[PDB]
Amino acid sequence: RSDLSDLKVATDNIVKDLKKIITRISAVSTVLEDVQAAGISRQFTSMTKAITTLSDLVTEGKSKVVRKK
Amino acid sequence: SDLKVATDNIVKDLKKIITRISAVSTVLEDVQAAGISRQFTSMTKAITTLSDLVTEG
Amino acid sequence: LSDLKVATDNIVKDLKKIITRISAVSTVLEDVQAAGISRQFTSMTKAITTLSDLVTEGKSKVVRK
Amino acid sequence: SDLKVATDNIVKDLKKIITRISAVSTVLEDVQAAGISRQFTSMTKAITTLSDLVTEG
Amino acid sequence: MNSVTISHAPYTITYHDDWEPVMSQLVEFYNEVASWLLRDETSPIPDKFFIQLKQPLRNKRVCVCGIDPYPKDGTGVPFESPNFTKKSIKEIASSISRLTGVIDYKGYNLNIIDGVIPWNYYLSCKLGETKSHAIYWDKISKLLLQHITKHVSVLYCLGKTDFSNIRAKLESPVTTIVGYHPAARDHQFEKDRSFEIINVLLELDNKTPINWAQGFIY
Amino acid sequence: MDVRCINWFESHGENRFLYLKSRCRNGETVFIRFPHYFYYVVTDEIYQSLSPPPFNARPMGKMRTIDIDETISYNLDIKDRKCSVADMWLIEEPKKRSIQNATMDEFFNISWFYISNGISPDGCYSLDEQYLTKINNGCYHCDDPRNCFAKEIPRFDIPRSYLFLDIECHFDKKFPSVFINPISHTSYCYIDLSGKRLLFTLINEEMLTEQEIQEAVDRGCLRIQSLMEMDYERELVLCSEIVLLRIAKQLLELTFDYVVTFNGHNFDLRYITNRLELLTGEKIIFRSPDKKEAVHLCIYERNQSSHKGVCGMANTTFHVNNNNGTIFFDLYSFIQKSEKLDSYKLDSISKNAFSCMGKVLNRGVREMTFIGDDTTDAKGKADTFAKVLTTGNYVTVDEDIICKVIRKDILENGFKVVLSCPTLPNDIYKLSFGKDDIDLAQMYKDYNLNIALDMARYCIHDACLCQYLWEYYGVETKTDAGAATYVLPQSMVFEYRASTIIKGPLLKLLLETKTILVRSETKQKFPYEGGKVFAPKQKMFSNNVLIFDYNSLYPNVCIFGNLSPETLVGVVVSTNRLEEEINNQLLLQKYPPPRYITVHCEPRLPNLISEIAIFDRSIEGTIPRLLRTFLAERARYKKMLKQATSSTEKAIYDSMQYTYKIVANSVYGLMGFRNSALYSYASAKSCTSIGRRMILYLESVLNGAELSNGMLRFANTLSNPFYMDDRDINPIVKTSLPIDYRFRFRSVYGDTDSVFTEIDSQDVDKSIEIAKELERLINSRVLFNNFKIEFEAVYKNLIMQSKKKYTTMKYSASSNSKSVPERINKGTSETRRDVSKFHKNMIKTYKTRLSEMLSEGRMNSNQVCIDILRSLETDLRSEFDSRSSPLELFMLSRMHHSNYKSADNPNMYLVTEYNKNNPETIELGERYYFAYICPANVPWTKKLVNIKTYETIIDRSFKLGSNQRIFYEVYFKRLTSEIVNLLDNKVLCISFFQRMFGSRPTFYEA
Amino acid sequence: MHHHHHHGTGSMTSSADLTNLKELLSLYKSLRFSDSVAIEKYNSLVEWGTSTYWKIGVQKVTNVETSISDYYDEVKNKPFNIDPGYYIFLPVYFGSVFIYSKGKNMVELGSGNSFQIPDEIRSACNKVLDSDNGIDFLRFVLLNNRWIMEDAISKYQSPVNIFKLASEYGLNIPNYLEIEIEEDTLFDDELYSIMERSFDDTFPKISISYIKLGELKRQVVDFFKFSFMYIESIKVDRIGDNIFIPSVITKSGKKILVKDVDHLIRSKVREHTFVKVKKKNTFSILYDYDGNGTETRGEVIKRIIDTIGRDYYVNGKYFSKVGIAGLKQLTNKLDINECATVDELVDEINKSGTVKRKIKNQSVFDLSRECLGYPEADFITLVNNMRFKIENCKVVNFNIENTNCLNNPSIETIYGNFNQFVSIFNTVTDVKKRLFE
DNA sequence: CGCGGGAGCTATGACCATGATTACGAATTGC
DNA sequence: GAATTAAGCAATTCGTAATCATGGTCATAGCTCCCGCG
Ligand SMILES: Cc1cn([C@H]2CC[C@@H](COP(=O)(O)OP(=O)(O)OP(=O)(O)O)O2)c(=O)[nH]c1=O
Ligand SMILES: [Mg+2]
């Protein structure tokens, strides 16, 4: 918000924020592999719903910036 | 339910990131839009690996 | 097992996955701390202490001298 | 009840790792020993940061 | 500046290097028609049938085309008269003098203008006869005029009856101006404003306009 | 003084004289001179304001002057069309005079001479000799053509004289050159004023040795040394080439009525005058009838540009600079203009013209004896064949094998010919005068006396073959009707396209109706819709199909709607539906539907959404009166066609009525043509719109129409599609048919005016009589005013590839079940000239095979496709490897022109490369043969690229080299393409087309 | 034949052919500068020249990128040093650039479309063009429906004297600073602010172009900085009787000026987002760019109309509103005194012969469309998908046939106002019946 | 213990080859 | 020496060329870990 100039640094900042969330979901995946290899019984229907809604969110945020000309 | 609140915080933070994309994406240049598009492809392949992990188990 | 090249290779290869999972535990603990929920880490602190004791035994054992 | 069983499986895998290192450790040779030592220092740096994140409250 | 040998009364054709793609065909056409051509006393002498082949064609952008030489006293260069007694070059000089205002001249010569090659379609005629050697010069005239219009931008033809079919004698399109003959009745060459039309069509082709005052002989 | 007009012709000099070539009853050729004026039509105020007085000025009466300018209007306050009624004067001067605002300048001075003096160019007149002043013997001067040409007596026969000539020239190369190669033979068919038909060939004795000259003298050929020794009665005369050319000069200088050649202006007469100027310096001097001026024979080009595209040069004709009145007629140009054929060489025209069916009486080892009469072919076919066979030498049997005539006999009602032919199994064969099985250049290499006499026979066959083509095409009657109708000189009849031959009778009616058409604004062209062409509903038709076609549809439309440029009240256009509906309401209340027709058209512009043209039918238009004149001419020649007995006279009058039909369709097309003086975009657009409504109305009554209990019921009512009229609109129409007949009619195809009505019956006779009842009932109840249809044909086994492409068996209205049907191909591969003879033969063979496999009905369509594609693959591989079919089966034809948007077009580049490389030149408008020729080491090429680079122009002297071969893959791809459009099982067709030609085949969509 | 030439050749050598060729050359030299009428006249002259002579050097054009960059060059955002001499300073304004070339029309840059202008401004343009024929085109600016004549680029004559002459004809003019610098001076931003305040205009001046007396191809100068600030809302501001200008509003409160509605759509700006904006010392200029949204043009127009208000519609460069259209709007369109009845209206048009001739020249539908201020193409698209019941050239009943055109918000808004269009149409129809029938 | 050099990997936009689609003129014919 | 011609459109097929879908490849930006020296 407010006023900004030379928006490439804000683009780099939000790319860094996406780097943080990419490492965050890689952390979730690499501890999910460990908790699945532990042998505990888990029910992930609401987890699957959360991943489906977040993937729809990712597609909605992607589709504005995919294709040029 | 640590993973539930963790993914809920991920949803909220990524909601903030996507509305900032919606704020800035109309006026992006070609190279930075290309960079954010590679970031979104990494986003999609990481979430499809997560979906394969929660599907196959 | 001869020349110990494969043994050293697949204990270096496993340590990358181990430190990746350790940084993963750190990142998801940062996530659950920033989410705002209250958690207790007493048994986690006990596990950290006994893991630290066994790995400093490993530090005492790993040296070549 | 996911992080505690996750770190229980992690410390069991590390029990297997420490036992096999103690099995092979009658000879190590200097350069690979320095490599696993520097990997161990990076690993305990990660452990120290994790300990800071669990003691900060 | 190459030269070839022919079997009849010119006995050689000195030609510029721009005339190279049409020379051997011109050699065989002139060798087949020349033994019948040269029985008649031609209006230029046979040694000057091919003077305009010495001229280059890359620097030419305008072809000024007549159907034949003058019936008498043809000098091999089209619209050239050292005595300046020919009616056609007189009306050409009158039109250029009306264009440019240069009224103090002794004669005119379309050869000495840069970018203009004066051309005779049929390269000769019998003495006192007009288009009498069309029989001999038909194939040569077609070949040489398509060779010219491959190079020049604007083709200007001085005859309505002589050059009504000149879009059929050529097959590649060129800027063609079929103008009135200078000896036409009712002064349609006096009302002719074709040299301005030549200059404007050159400027439409992004070419240099012809400075028509270069042709005046003082 | 009773004369018959033969030819009208103008003086070549600066002093303009108009001449008439005329013949009296006793056979005397009489010339009448007229002072030819430049005719101008001015108003009365312009006439009295002329500061130089006119030489002659005649009052033309109070004539209305109408501004034919098409202004669109967005409202219904159309201003009245500018009609300036004034006294008009016919200004005549011997010199050309530039008069400001002089009207009616589109017409020529010769038409103004005819119509203002009341002279028909095809007329017989008793000339008043008090207006004739004798100049010299046979030539008179007429100062007053009004009262001298006042008594128009009926027609009487005259003894016309003719000179049919063909020459033969030596050539070492492919073509003769007049500077190096002599004339070998000059043949002449001399027809005198006494009717004496003399045939004689002059043989160049310079090309023969002296012993051969003496041997021909012993054989009976006459040796002459000059023109005085020349006898026209001798059949074969030997002479030098100089004496031959002076005999040619003497004959061409004679005042014949017609000197007729084939390709003779371009080659024969030009070669004669060029060789005469070369060898002795003389010129063929045509003199005026009053002998004041004398011109020399100079063949001059006349180059037509196209009127479409970039308007490049599309055709050239060659004519004789003659002023003695002889109509020097090149038959090559005439048949080029009038016919539509693969080749226009003399052998091709003789093959297409003189074809007769002939049965066999005797068979031999090397001799086949054919006879033809009125039972073998139609009446007059065998008589024409005998007339050609009188001088003919070679007869082609079944259009592929050439047979020399051994013995010839002219019967009373046909011919009797013995042919050097192999033994043939069938009983009847098509005999034609086609290609010649000689090589002329080889005969010129080993030139002896026997070769000279054989080529003299072929030359006299060509010279008399000019006469046989002259009489076959009926150029006498066509010239007379073109002089009468188009109001033109007889030499000027065929050598002009539509606009000129319109300008005569249009001038006649404009003087008759006191109407003047003038233009002020710039004529603007828009694309408008044409005739409506329905899709074919079925690919095969096992049922009979009734063919109903409007009688002169676009002329009857223009007469019905009064569609003229001056009867157009206005064009009402709308950009929006609000203004469209408001203009519709004020259109109905303003213009009454009987007096005015409001024709809804598609818009000329994208912003417009409606376009209504209003035409006043109260005063008959100039275009309807012109169309009434041309349909009167077409109706009288159709009546003469129905009264004709011989096949040649039937062909003449069918061509004559077809010519008048095309002229009427050109009265149409000139209003769609922007450069025409009769250009009316609204009228041509409204004509297509009304014709489209006529095909939709005739389809709507006929599609879904059933016959039941002798009562004819159409699907829709018989409403006029434009207004309400007094006639009955009830679709229930009483027939004259029996009660028991209950058939259904449905439309399956439409094309502009034709509607293809599929009756569920298969009987020929019953379909013909029910379709005749349909024609009568449609013309009595369905149609209105001048709209008539006629029933032409019953289409049994109608095989339709696409729109405008169909094959059927024709059962005409005068035919029956027992009458033999004729195979009509319309736009298929058999008719198209860009389709090779091998292609046409294989399409005919495989269409016969497909008809057999569909008539058997015992195996599935996929097995039919498998067997047809397997047989096709076997035939294509056998043709590719064995190469038994010659080059003649693969010669495609194309017309040469310069009307190309691209200057680097491959076709024009190919012809110009031919004209550079070869002594034979291909003129503009010439149809040349080209084939796809590739080197013989090239294998079966899968992907076909740079196809136009493989085109090679084939002429008569072209031989396919050992290193070269026919590029079979292009012809095979086109052939396989049309077969896979014929077949079902499209996936297998794609697979086979990919394994042979590497590409996806194009399939037609219904 | 030989009485009719070997081929029919026209008089290709007359003075009329020379005049046509010279006109063809003049239209070829101004192909990038002309309206579509002069492009069609050029194509007609190319077709005539190709029919007349067998080839000509110029070819037919189908689409022409209308640009005036031949007399301009690269704009530099950096400070630079001037050359000494006598200079002619001009302000460059924010609005849409138009050119009034020898084709007698107002040509839009970047589209080449001829734009409809008021009759007094058009008459002043004809007076300027007929005063001296050496001028290639008149560089015009359309901002807030104000036609100001920014520049008069002439090939032979100096542009100083034409500006006061155009100001005599009622054309809107800027102020000028014709000062001889005669020394090397660096254009700092403070000097730029001095120069902009010395232009003494409250109108938005976005760049400065200078002319040399002895040199052609004048150069435009712009100093700015590219910024990106947050957008709170998009509002409209009334600039006429019915038309409104778009103006986006920041969170802070600064009003970034928008060129047209087409500029508003093309940038694809929505609320709560950042914009690519040029920054000036006096005001704010939104940069011209194509937005990178995933939505189409129609969805952008849908969102814009849903934001600013449903009764606004896209009317050319401006938003026009929906209201009650009575006799006062018809008198405002006819530029006469206000009338309450039809009788006083037709008496008032009987008083004014120029207004009566104007009513003759253009039809009832055009008068009723221009009274309502509808766009031409959108209203034609609307009426072409409706149905009408007509009694004495009046709409007694209307109904829409195809509702696919109602997805356009402009067409739907005009369909909402179509009852007032019917009222105005019937009123103008009655005026036409009473005055001239 | 900490950060720079380097090297293998992994997508990724851009560029080019090849084949299928389609406009586009030409030829031809039906009208 | 000049002199004025000149029918329309619909529809199909075929070759050529511009345009685009698909796919292979090639620099190229991340990118992430190994090695190394202070
Ligand atoms: C052949 C041809 C036709 N037309 C137009 C004009 C009318 C329609 C229908 O003519 P058609 O020959 O089928 O039948 P039509 O001549 O109308 O009537 P007939 O059955 O011949 O009496 O097509 C044309 O413009 N040019 C042409 O060359
Ligand atoms: Mg018909």
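Note on naming: letters A, B, ... go to the chains in the order of the sequence lines (proteins, then strands), and numbering restarts at 1 for each one. Atoms considered below: every heavy atom in the structure, side chains included; atoms not considered: hydrogens, waters and symmetry mates.
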Margin query: Quick check: on DNA chain I, is the nucleotide nearest F:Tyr528 upstream (toward 5') of the one nearest F:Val970, or the reverse? Name the residue that is more 5'.
Written below: F:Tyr528
Identify each atom pair where a protein N or O and an N or O of nucleotides 3-6 of chain I are less than 3.5 Å apart, giving names and distance.
{"unit_1": "I:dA3", "atom_1": "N7", "unit_2": "G:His5", "atom_2": "NE2", "d": "3.3"}
{"unit_1": "I:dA3", "atom_1": "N6", "unit_2": "G:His2", "atom_2": "O", "d": "3.1"}
{"unit_1": "I:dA3", "atom_1": "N1", "unit_2": "G:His2", "atom_2": "O", "d": "3.4"}
{"unit_1": "I:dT4", "atom_1": "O2", "unit_2": "G:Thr9", "atom_2": "N", "d": "3.4"}
{"unit_1": "I:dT4", "atom_1": "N3", "unit_2": "G:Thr9", "atom_2": "O", "d": "3.4"}
{"unit_1": "I:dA6", "atom_1": "OP1", "unit_2": "F:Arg497", "atom_2": "N", "d": "2.5"}
{"unit_1": "I:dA6", "atom_1": "OP2", "unit_2": "F:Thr500", "atom_2": "N", "d": "3.1"}
{"unit_1": "I:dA6", "atom_1": "OP2", "unit_2": "F:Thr500", "atom_2": "OG1", "d": "2.6"}
{"unit_1": "I:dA6", "atom_1": "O3'", "unit_2": "F:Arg497", "atom_2": "NE", "d": "3.1"}
{"unit_1": "I:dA6", "atom_1": "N6", "unit_2": "F:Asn675", "atom_2": "O", "d": "2.9"}

Checklist line | Residues which pass side-chain hydrogen bond (donor to acceptor under 3.5 Å, both in side chains) with F:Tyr554, listed by chain and number, not counting sequence neighbours | finding: none
Checklist line | side-chain hydrogen bond (donor to acceptor under 3.5 Å, both in side chains) involving F:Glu926 - partner list, sequence neighbours excluded | finding: none
If I take atom [atom1] in residue [X] and atom [atom2] in nucleotide [N], what distance separates them, rounded to the nearest angstrom?
X        : N      : atom1 : atom2 : answer
E:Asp192 : I:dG1  : CG    : P     : 15 Å
C:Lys59  : H:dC1  : NZ    : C1'   : 11 Å
F:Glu830 : H:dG30 : CD    : P     : 12 Å
C:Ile11  : I:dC34 : CD1   : P     : 13 Å
F:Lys803 : H:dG30 : NZ    : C1'   : 13 Å
F:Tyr950 : I:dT16 : OH    : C1'   : 15 Å
F:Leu553 : I:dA10 : CG    : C1'   : 15 Å
F:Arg674 : I:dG8  : CZ    : P     : 11 Å

Opposite nucleotide pairing with [N], Watson-Crick or G-U, both atom distances under 3.5 Å:
N      : value
I:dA6  : none
I:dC37 : H:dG2
H:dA17 : I:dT22

Report which part of the nucleic acid [X] touches: base, sugar-phosphate, or nothing (heavy-atom distance under 4.0 Å, all strands).
X        : value
F:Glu978 : nothing
E:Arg185 : base
F:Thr831 : sugar-phosphate
F:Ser977 : sugar-phosphate
F:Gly530 : sugar-phosphate
A:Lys19  : sugar-phosphate
E:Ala183 : sugar-phosphate
E:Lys87  : nothing

Margin query: Any side-chain to backbone donor/acceptor pair from F:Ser689 onto F:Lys685? Under 3.5 Å, distance only.
Written below: no
Notebook entry, point to check: Atom NZ of A:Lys68 and atom CD of B:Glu29: how far apart are they, to the nearest 0.5 Å?
Noted result: 9.5 Å
Every protein N/O within reach of nucleotides 25-27 of chain H N/O, cut-off under 3.5 Å:
{"unit_1": "H:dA26", "atom_1": "OP1", "unit_2": "F:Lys901", "atom_2": "N", "d": "2.6"}
{"unit_1": "H:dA26", "atom_1": "OP2", "unit_2": "F:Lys901", "atom_2": "NZ", "d": "3.3"}
{"unit_1": "H:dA27", "atom_1": "OP1", "unit_2": "F:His897", "atom_2": "NE2", "d": "3.2"}
{"unit_1": "H:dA27", "atom_1": "OP1", "unit_2": "F:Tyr900", "atom_2": "OH", "d": "2.3"}
{"unit_1": "H:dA27", "atom_1": "OP1", "unit_2": "F:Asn907", "atom_2": "ND2", "d": "3.1"}
{"unit_1": "H:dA27", "atom_1": "OP2", "unit_2": "F:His897", "atom_2": "NE2", "d": "2.5"}
{"unit_1": "H:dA27", "atom_1": "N3", "unit_2": "F:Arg832", "atom_2": "NH2", "d": "3.0"}

How is the sugar of [N] puckered by the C1'-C2'-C3'-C4' sign, north or south?
N     : value
I:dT4 : north
I:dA6 : north
H:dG8 : south

Item checked: Contact pattern, 5' to 3', of nucleotides 2-20 of chain H - B, S or - by protein heavy atom under 4.0 Å -> S--------SSS-----SS
Considering only NZ, NE, NH1 and NH2 on the basic side and carboxylate oxygens on the acidic side, decide whether [X] and [Y] come within less than 4.0 Å.
X        : Y        : answer
F:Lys840 : F:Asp342 : yes
F:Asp751 : F:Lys804 : yes
F:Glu14  : E:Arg185 : no

Next item on the list: Give a yes or no on whether the ring-centroid distance for F:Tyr971 and F:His839 is below 6.0 angstrom.
Entry: no
Notebook entry, point to check: Are the aromatic rings of E:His181 and E:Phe189 close, with centres under 6.0 Å apart?
Noted result: no
Check: Regarding F:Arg16 and the six-membered ring of F:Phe38, is the cationic atom NZ or CZ under 6.0 Å from the ring centre and inside 45° of its axis?
Finding: yes
Next item on the list: Applying ring pair (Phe, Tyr, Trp, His ring centres under 6.0 Å) between F:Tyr749 and each of F:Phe534, F:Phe756, F:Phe548, report the one that passes.
Entry: F:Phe756
Note to self: Once you measure the plane-to-plane angle for F:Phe630 and F:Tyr660, does it fall in the parallel (<30°), tilted (30-60°) or perpendicular (>60°) bin?
What the structure shows: parallel
Next item on the list: Kindly say if F:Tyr1004 contacts the phosphate of I:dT12, meaning a side-chain N or O under 4.0 Å from OP1 or OP2.
Entry: yes
Check: With sequence neighbours left out, what residues match F:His897 under ring-ring contact (aromatic ring centres under 6.0 Å, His included)?
Finding: F:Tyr900
Margin query: For the adjacent pair H:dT21/H:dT22, please state whether the pyrimidine-type six-membered rings satisfy a centroid distance under 5.5 angstrom and an interplanar angle under 30 degrees.
Written below: yes
